[PDB]
Amino acid sequence: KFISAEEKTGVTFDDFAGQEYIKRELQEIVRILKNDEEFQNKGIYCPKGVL
Amino acid sequence: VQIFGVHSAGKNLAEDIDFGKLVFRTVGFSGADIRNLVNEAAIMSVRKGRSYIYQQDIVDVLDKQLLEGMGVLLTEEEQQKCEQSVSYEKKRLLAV
């Protein structure tokens with residue numbers, strides 16, 4: 001009973017810069033996850049594990 | 001080529017797409033790698049607002065993977081300014 005099932009943490013994308021390519025790639029990943037049906041209409045599938 | 005056709009059958013391909021002129025760029029690729037390549041081309045197709053996936057999407061995907069392979073993660077603007085930062089003669093030597 002230790003896993004923090006959080007919803008908000010208070011840290012946004014603007015606080016971390018210098019890797020805007022990584023920010024764009026992570027934005028694409030989370031946008032694919034949230035907007036799944038629109039891109040699965042085109043057959044797009046998200047990666048399951050991001051390291 | 002057959003695996004590229006099989007794994008990209010359920011996608012909206014353009015008319016200029018032909019994988020026969022990129023077989024030399026995919027030496028050693030497995031079926032999972034070709035599937036990942038097709039998904040990569042689809043993702044950078046929808047990222048640029050494109051409706052279809054031409055050959056240039058696959059070329060850009062392969063080129064960006066090759067650029068990332070030596071550890072270069074740069075967007076267009078920073079690449080342009082860093083190209084402009086270098087002088088002319090010391091670029092002229094690399095040109096020759």
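Refer to the structure above for everything that follows.
Quick summary incoming for the structure in this document.

About the cut-offs
By convention in this text, residue numbers begin from 1 on each chain and track the written sequence, not necessarily the entry numbering, and residues missing coordinates are not displayed. Labels are handed out in written order, letters beginning with A for the chains and numbers beginning with 1 for the ligands. Summary scope: the chains shown constitute part of a larger assembly, and all values are computed over the shown part. Only hydrogens and water are set aside; all other atoms, that is, all heavy atoms of the structure, feed into the side-chain values. Should any heavy atoms of two residues lie within 4.5 Å, those residues are considered in contact. Buried area: the accessible area, evaluated with a 1.4 Å probe, that two parts lose upon being put together, summed over both parts. Just to be clear on terms, a salt bridge is a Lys or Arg side-chain nitrogen sitting within 4 Å of an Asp or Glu carboxyl oxygen. Only DSSP runs of H or I covering at least 4 residues are called helices, and only runs of E covering at least 2 are called strands; the numbering of each starts at the N terminus. Throughout, the ten residues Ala, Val, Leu, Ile, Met, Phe, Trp, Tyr, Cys and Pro are labelled nonpolar, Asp, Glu, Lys and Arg are labelled charged, and all others, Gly among them, are labelled polar. When the centres of two rings from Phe, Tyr and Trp lie within 6.5 Å, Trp using its six-membered ring, the rings pair. Their planes under 30 degrees apart give stacked, over 60 give edge-to-face, and anything left gives tilted. The criterion for a charge sitting over a ring is simple: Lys NZ or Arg CZ within 6 Å of the ring centre, and within 35 degrees of the ring normal. For helices, the fitted axis covers only the stretch in contact; all axes are lines through C-alpha atoms, and the angles between them, taken along N-to-C directions, range from 0 to 180 degrees. Any angle that is under 35 degrees is reported as roughly parallel, and any over 145 degrees as roughly antiparallel; angles of 65 to 115 degrees are reported as roughly perpendicular and all others as oblique.

**Concerning the interface of chain A and chain B**
And then number 1: Contact residues are listed per partner, giving ten residues for chain A and nine residues for chain B.
And then number 2: Contact with chain B buries surface across chain A, with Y21, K42 and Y45 of chain A losing the most and accounting together for 45% of the total.
And then number 3: Across the chain A-chain B interface, the total number found is zero salt bridges.
And then number 4: With five residues, helix α1 (residues 20–34) of chain A is the single largest residue contributor to the side of chain A that touches chain B.
And then number 5: In the side of chain A that touches chain B, the residues fall into six nonpolar, one polar and three charged.

**A short note on the packing of aromatic side chains**
And then number 1: Applying the stated criterion across every chain, the model contains one aromatic pair over all chains.
And then number 2: The ring centre of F13 of chain A lies 3.5 Å from the NZ or CZ of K23 of chain A, which sits over that ring.
And then number 3: In this structure, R35 of chain B packs its charged tip against the face of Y45 of chain A, placed 4.9 Å from the ring centre.

**Some details on the packing of helix α2 (residues 31–47) of chain B against helix α3 (residues 55–69) of chain B**
Residue and element names in this part refer to chain B.
And then number 1: α3 packs onto α2 with a crossing angle of 105° between their chain directions and a minimal axis gap of 9 Å. The orientation of α2 with respect to α3, classified from their angle, is roughly perpendicular. Here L37, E40, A41, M44 and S45 of α2 come into contact with α3, specifically with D57, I58, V61, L62 and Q65.
And then number 2: Of the residues belonging to the contact of α2 with α3, the class tally is six nonpolar, two polar and two charged.

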